[PDB]
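Structure record follows, encoded as structure tokens.
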Amino acid sequence: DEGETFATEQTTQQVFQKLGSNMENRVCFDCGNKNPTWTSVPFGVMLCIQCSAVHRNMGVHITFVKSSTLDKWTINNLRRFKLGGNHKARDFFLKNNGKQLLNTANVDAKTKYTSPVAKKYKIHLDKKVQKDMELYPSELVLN
Ligand SMILES: [Zn+2]
Numbered sequence: 004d005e006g007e008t009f010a011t012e013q014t015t016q017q018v019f020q021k022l023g024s025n026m027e028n029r030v031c032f033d034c035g036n037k038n039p040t041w042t043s044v045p046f047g048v049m050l051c052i053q054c055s056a057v058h059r060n061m062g063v064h065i066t067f068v069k070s071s072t073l074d075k076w077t078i079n080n081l082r083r084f085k086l087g088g089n090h091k092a093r094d095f096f097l098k099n100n101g102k103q104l105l106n107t108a109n110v111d112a113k114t115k116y117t118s119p120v121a122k123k124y125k126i127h128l129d130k131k132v133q134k135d136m137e138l139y140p141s142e143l144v145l146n
């Protein structure tokens, strides 16, 4: 549980700075609104304020949200964005015949985030996060 301490603001900023270099991470993963600063932590994706409200209403059983710029981030939570982000998520969905779920319109979020491809992705990302916790138990190392 060495990774449950809160990360420093500069580490938090550098994490989201790194994601921000990829264009996929500059648009909301659910609706494509520009410059999302909210997040769905378990899926490691960036969300606009509106979709942060959609996710919040789904319940913690499915997701929970945090602001990249207004909330304190734990080490373990930041890991999901070192290793995740919108580009990694989208690439997994494309490979796992789930491009229909990536549309910015006419997709219900609960269906999106409880689908098989979504559940396999969270497991995929969870393994990467567990490996990172074992190699880097108390600190967030960018490469
Ligand atoms: Zn959105």
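Read left to right, the sequence shown gives residues 4 to 146 (the deposited numbering). Here a beta-carbon is modelled for each residue, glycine too, at the ideal position from N, C-alpha and C.
Check the Cα spacing between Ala92 and each of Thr72, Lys125 and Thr107: the tightest is with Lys125.
For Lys69, there is no enclosing alpha helix (DSSP H); the residue is part of the beta strand (DSSP E) that begins and ends at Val68 to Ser70. Judged by DSSP in its simplified three-state form, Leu50 adopts strand. Bounds of the alpha helix (DSSP H) holding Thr15 are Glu12 to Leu22. A Cβ-Cβ contact shorter than 8 Å links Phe95 with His127.
Relative to ligand 1, even the nearest heavy atom lies 7 Å or more away from the CB of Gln16.
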